[PDB]
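Here is the structure we will look at, set down as structure tokens.
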Amino acid sequence: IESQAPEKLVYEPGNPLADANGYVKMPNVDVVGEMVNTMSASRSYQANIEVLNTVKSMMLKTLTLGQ
Amino acid sequence: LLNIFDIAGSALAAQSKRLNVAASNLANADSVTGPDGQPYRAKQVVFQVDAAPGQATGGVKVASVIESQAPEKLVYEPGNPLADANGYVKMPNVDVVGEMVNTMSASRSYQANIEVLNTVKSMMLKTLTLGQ
Amino acid sequence: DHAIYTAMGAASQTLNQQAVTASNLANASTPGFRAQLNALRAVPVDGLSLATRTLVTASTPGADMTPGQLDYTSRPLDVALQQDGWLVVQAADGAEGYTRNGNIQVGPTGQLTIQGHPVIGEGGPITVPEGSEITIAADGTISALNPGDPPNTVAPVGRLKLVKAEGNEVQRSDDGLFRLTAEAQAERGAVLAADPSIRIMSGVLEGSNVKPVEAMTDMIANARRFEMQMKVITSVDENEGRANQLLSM
Amino acid sequence: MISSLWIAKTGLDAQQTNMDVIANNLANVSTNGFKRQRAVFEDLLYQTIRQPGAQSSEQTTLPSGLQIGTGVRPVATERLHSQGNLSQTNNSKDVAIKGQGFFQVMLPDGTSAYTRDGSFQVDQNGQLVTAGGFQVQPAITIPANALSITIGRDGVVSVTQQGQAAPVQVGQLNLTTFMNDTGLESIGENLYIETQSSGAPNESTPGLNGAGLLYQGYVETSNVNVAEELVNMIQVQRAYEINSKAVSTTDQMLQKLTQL
Amino acid sequence: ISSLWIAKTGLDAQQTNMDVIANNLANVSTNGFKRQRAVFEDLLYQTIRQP
Amino acid sequence: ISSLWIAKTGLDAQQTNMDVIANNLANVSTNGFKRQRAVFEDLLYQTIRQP
């Protein structure tokens, strides 16, 4: 989906793409929030990778049932 | 190139080109003439999002570095050639404080993308040891 | 692990405070500008056990209605309001905004226009004869003397309406113009009275009340708080990463 | 890039523009008829983020909403048309103005400009010109052998001939007044051109219909109050330093963010 | 910021006073000239509220 | 920067003015000498378009 932040503006009435009351529309990125998002995304990805490895080890030792 | 390596590397290359435009403008502030004999027209970079086809999002393309159309602020020297009637030298239209702020902003964006690349790279090394 | 979010919040919101200060601080030497004071709100997270987290949401409680300090320009129609006074101005959409900018101007056709979207007084927009030579009195009356007529013809041509309202009962409206808070509307009504006790200081303008002292420590505390948040984030992620070894093997 | 950096940037640019105004204003002392120019700034549209709630008034509560806002764009450079002092040049062809009014002048490209400057001369043909050869309108042509020129208090310009005990009335030097004097478009060279913000020019004889009178042998001075400019220079310098501090603080915070 | 503008107003008042003094002193030996005195006046006061 | 350019023009104009003053002052006791006055003029104005 598309984030509904208020789409911050700047004011450069020398640059095109600035409307009447020259305002370059300037995408609405919360930089620190995105830093933290990547930080936590990496951590959760690593957790799930590990879960995969642990389950495979569980299953390969399941094969050694009996013998 | 893997997907995020492409996105972040494009960010890095775009930021580098923006920084080069800023450095060139800052260095040619107060430069009377070009080679052909013309005002040095200040430069700007326009950032488009990359990946027009497919998902419409990801990466940055900065093709077609263009010219900032501010009015070429003038000085009066009717002893210097390069001055028209009502002697007026052409004197580049570079906004030096804008260029310093732009330089700091470009550096910070550069470093942020470096940092995201570092984190994701640790993630990928962990990925490949999947099982074995 | 969710602690990082709270810390993130603080960091993010601190930047917002910085932003406010910056806009609050670039606007020095902007006529009649009202500093937008800011605060941080604790936000508890009431939940099912162990209420331990609180967020740091940023906010702007209002504007600083402390009269900025006056510049004497001797220009006949530069106006300074007394404390808690406002000039009423027909806003862009059309409604009575309130300003402290007394830098009045006249168009060729005689429209009194504090920077355009004109001024409102005792009726619609105030209009004066084209050869204005305006003078503005202490209580708001506006007199006009055509340049080539005997000076005993300065009959008043209008009155400048002034309104008393301050702080709690006034909020900014996404332009430089203030309005009533809609809590002060089941009160002194939609359109206020002229309050014939607010005085005018003629030939004098008012500058912005941007206190550099409190802004400088606003910024100092903001920077320190930001990098404290960064330390908390660093410790939290290092904790989680070193923790992730539990599940393997 | 975050909003703080660019907001402080526009603050720095506004202070730079104010300093440009002050420097021009200070260079143009000893420019006859020059009008001091004052920079007027304005805030930019406030980006609201969270509308305020309701004041429940049960307890004293802070009215917290959130709007950030930006920018200090320069909205005008007004021209303060107050009467400047006069200086005696003893020069017969010089002239100053008493009250509102401007001299109409024909530019080489054919349009008419207007000037509050009286340092006139005569070209080799006898026409009144303005230190730059711009003809004064309507054209006033002086005979070849005038002993003296006199420009009266309503512009009736006349010359004295050898032998005549009568100053043949040689021309009329009429004025032009504008409805909004401040709106004129200063094109440099001490000339203004009329624009939609000033209205059509109303031409009339000096002293009538609101136009001023004429003082021969005197020239108007620049009305620049150097005390205002010096104090404004101090203001501009310290505001610039403050905004520079804001940029530095934001940059350091961004560095700390991007380390991790 | 604040004291800067206050002192600038003081400078402007002193300069107006000096201008009037200069016009008085220059116009000595002008017939029937009536000398001029400038009366000054403090500007609006701002009230800081005591809780 | 443009402010420095403007101020340099102002300094040049004042120094030209001083040169004219000094030439007038030196040539006192020169027969038939006609004094000189420097007349100045502002430069073109940069227009910034309001959106």
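By order of appearance in the structure tokens: chains A, B, ..., then residues from 1 within every chain, and ligands from 1 in the order shown.
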
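Residues from chain E that have an atom within 10 Å of chain D, counting only C-alpha atoms, are residues 1, 4, 5, 7, 8, 9, 11, 12 and 15 of chain E.
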
Residues of chain A near chain D: apply a cut-off of 8 Å, count only C-alpha atoms, and supply the list as a PDB file with C-alpha atoms, in the first residue's frame.
```pdb
ATOM      1  CA  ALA A   5       2.063  10.859   5.512  1.00  0.00           C
ATOM      2  CA  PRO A   6       1.195  14.483   4.668  1.00  0.00           C
ATOM      3  CA  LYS A   8       6.014  17.335   2.938  1.00  0.00           C
ATOM      4  CA  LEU A   9       6.708  20.281   0.639  1.00  0.00           C
ATOM      5  CA  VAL A  10       9.635  22.523  -0.176  1.00  0.00           C
ATOM      6  CA  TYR A  11       9.608  25.925  -1.868  1.00  0.00           C
ATOM      7  CA  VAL A  31      14.153   8.435   7.362  1.00  0.00           C
ATOM      8  CA  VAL A  32      14.796   7.231  10.901  1.00  0.00           C
TER       9      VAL A  32
END
```

Proximity of chain B to chain D: per-residue shortest pair, 7 Å limit, only C-alpha atoms, as CSV:
```
residue,atom,partner,partner_atom,distance
B:98,CA,D:9,CA,6.7
B:101,CA,D:9,CA,6.7
B:105,CA,D:1,CA,6.1
B:108,CA,D:254,CA,6.6
B:111,CA,D:258,CA,6.0
B:112,CA,D:258,CA,5.0
B:115,CA,D:258,CA,6.7
```

Dump N, CA, C and O atoms for the selected residues as a short mmCIF file (atom, residue, chain, number, x, y, z; two decimals), in the first residue's frame?
```
data_model
loop_
_atom_site.label_atom_id
_atom_site.label_comp_id
_atom_site.auth_asym_id
_atom_site.auth_seq_id
_atom_site.Cartn_x
_atom_site.Cartn_y
_atom_site.Cartn_z
N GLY B 98 23.17 27.24 -0.92
CA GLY B 98 22.40 26.12 -1.40
C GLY B 98 23.28 24.94 -1.73
O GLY B 98 22.93 23.79 -1.45
N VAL B 101 24.53 23.29 1.63
CA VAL B 101 23.46 22.48 2.21
C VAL B 101 23.23 21.23 1.38
O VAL B 101 23.04 20.13 1.91
N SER B 105 23.52 17.29 2.56
CA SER B 105 22.41 16.38 2.36
C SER B 105 22.82 15.17 1.53
O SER B 105 22.45 14.03 1.85
N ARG B 108 24.88 12.78 3.64
CA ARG B 108 24.10 12.01 4.60
C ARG B 108 23.29 10.91 3.92
O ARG B 108 23.20 9.79 4.44
N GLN B 111 25.67 8.07 3.14
CA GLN B 111 26.05 7.25 4.28
C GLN B 111 24.90 6.36 4.74
O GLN B 111 25.12 5.22 5.15
N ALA B 112 23.66 6.87 4.66
CA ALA B 112 22.52 6.04 5.03
C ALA B 112 22.42 4.81 4.13
O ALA B 112 22.16 3.70 4.60
N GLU B 115 24.93 2.24 5.05
CA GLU B 115 24.57 1.51 6.26
C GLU B 115 23.53 0.43 5.97
O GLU B 115 23.63 -0.70 6.49
#
```

Go through chain A and flag each residue having an atom no more than 10 Å from chain C; for those, report the closest pair of atoms plus their distance in Å to one decimal, using only C-alpha atoms, ordered by chain and rising number, as CSV.
```
residue,atom,partner,partner_atom,distance
A:30,CA,C:12,CA,7.5
A:31,CA,C:12,CA,8.2
A:32,CA,C:12,CA,6.0
A:33,CA,C:8,CA,6.5
A:34,CA,C:8,CA,9.7
A:35,CA,C:8,CA,9.2
A:36,CA,C:8,CA,6.9
A:37,CA,C:5,CA,9.2
A:39,CA,C:237,CA,7.7
A:40,CA,C:237,CA,8.0
A:42,CA,C:241,CA,9.7
A:43,CA,C:241,CA,6.8
A:44,CA,C:244,CA,9.5
A:46,CA,C:244,CA,7.9
A:47,CA,C:244,CA,6.3
A:48,CA,C:247,CA,9.7
A:49,CA,C:248,CA,9.4
A:50,CA,C:248,CA,5.7
A:51,CA,C:247,CA,6.8
A:52,CA,C:248,CA,9.1
A:53,CA,C:248,CA,7.1
A:54,CA,C:248,CA,5.5
A:55,CA,C:248,CA,9.2
A:57,CA,C:249,CA,7.7
A:58,CA,C:249,CA,9.2
```

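Among the candidate residues B:87, B:59, B:53, B:131, the one lying nearest to chain F is B:87, with distances computed using only C-alpha atoms.
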
Handout entry: Distance filter 12 Å, only C-alpha atoms, chain B against chain C, as a ChimeraX atom specification
Key = /B:119,122-123,126,130-131

Practice task
Skip residue 133 of chain D itself and residues of its chain fewer than 4 positions away, then list as an NGL selection string all residues within 9 Å of it, counting only C-alpha atoms.
Solution key: :D and (121-123 or 128-129)

Written selection (N, CA and C atoms) as a PDB file, in the first residue's frame:
```pdb
ATOM      1  N   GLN D 121      20.975  67.850 -18.311  1.00  0.00           N
ATOM      2  CA  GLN D 121      21.901  68.572 -19.165  1.00  0.00           C
ATOM      3  C   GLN D 121      21.165  68.892 -20.456  1.00  0.00           C
ATOM      4  N   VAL D 122      21.899  69.394 -21.438  1.00  0.00           N
ATOM      5  CA  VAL D 122      21.371  69.650 -22.769  1.00  0.00           C
ATOM      6  C   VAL D 122      22.271  68.952 -23.774  1.00  0.00           C
ATOM      7  N   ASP D 123      21.674  68.253 -24.731  1.00  0.00           N
ATOM      8  CA  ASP D 123      22.491  67.624 -25.753  1.00  0.00           C
ATOM      9  C   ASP D 123      23.032  68.688 -26.701  1.00  0.00           C
ATOM     10  N   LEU D 128      16.516  68.870 -23.501  1.00  0.00           N
ATOM     11  CA  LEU D 128      16.771  68.437 -22.135  1.00  0.00           C
ATOM     12  C   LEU D 128      16.967  66.930 -22.102  1.00  0.00           C
ATOM     13  N   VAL D 129      18.037  66.488 -21.450  1.00  0.00           N
ATOM     14  CA  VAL D 129      18.346  65.074 -21.307  1.00  0.00           C
ATOM     15  C   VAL D 129      18.755  64.821 -19.865  1.00  0.00           C
TER      16      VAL D 129
END
```

Exercise for the section: Counting only C-alpha atoms, collect the residues of chain C whose closest atom lies at most 7 Å from chain E, and write them out as a list in words. Expected result: residues 67, 69, 70, 71, 72, 82 and 83 of chain C

Completion exercise
atom CA of residue 229 of chain D to atom CA of residue 202 of chain C measures 21.4 Å

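Nearest residue to residue 43 of chain B among A:15, A:62, A:1, A:7 is A:15, counting only C-alpha atoms.
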
Exercise for the section: Please identify all polymer residues within 10 Å of segment 57-65 of chain D, counting only C-alpha atoms, omitting same-chain residues fewer than 6 positions from it, and present them as JSON, numbers by chain. Expected result: {"C": [38, 39, 40, 41, 57, 58, 59, 60, 61, 62, 168, 171, 181, 183], "D": [48, 49, 50, 51]}

Given the selection you just returned, output its residues as a file containing C-alpha atoms, formatted as a PDB file, in the first residue's frame.
```pdb
ATOM      1  CA  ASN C  38       6.328  23.120  20.876  1.00  0.00           C
ATOM      2  CA  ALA C  39       6.110  20.358  23.451  1.00  0.00           C
ATOM      3  CA  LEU C  40       6.547  16.604  23.722  1.00  0.00           C
ATOM      4  CA  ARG C  41       3.682  14.428  24.966  1.00  0.00           C
ATOM      5  CA  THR C  57       4.764  12.132  20.351  1.00  0.00           C
ATOM      6  CA  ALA C  58       5.675  15.651  19.255  1.00  0.00           C
ATOM      7  CA  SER C  59       3.186  18.488  19.356  1.00  0.00           C
ATOM      8  CA  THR C  60       2.760  22.234  18.948  1.00  0.00           C
ATOM      9  CA  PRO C  61       0.422  23.445  21.714  1.00  0.00           C
ATOM     10  CA  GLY C  62      -0.002  26.782  19.981  1.00  0.00           C
ATOM     11  CA  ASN C 168      -5.811  29.680  24.406  1.00  0.00           C
ATOM     12  CA  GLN C 171      -4.941  28.907  16.640  1.00  0.00           C
ATOM     13  CA  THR C 181     -10.245  27.614  18.218  1.00  0.00           C
ATOM     14  CA  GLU C 183     -13.751  26.062  21.574  1.00  0.00           C
TER      15      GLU C 183
ATOM     16  CA  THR D  48      -0.442  20.124   9.349  1.00  0.00           C
ATOM     17  CA  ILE D  49       0.230  16.597  10.594  1.00  0.00           C
ATOM     18  CA  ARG D  50      -2.232  16.017  13.443  1.00  0.00           C
ATOM     19  CA  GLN D  51      -5.285  18.180  14.025  1.00  0.00           C
TER      20      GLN D  51
END
```

Exercise for the section: Identify, with DSSP run on backbone atoms, the residues in chain B assigned to alpha helix (DSSP H), and express the list as a PyMOL selection string. Expected result: chain B and resi 3-27+96-128

Handout entry: Residues of chain B within 9 Å of chain F, only C-alpha atoms counted, as an MDAnalysis selection string
Key = chainID B and resid 29:30 70:71 73:76 95:96
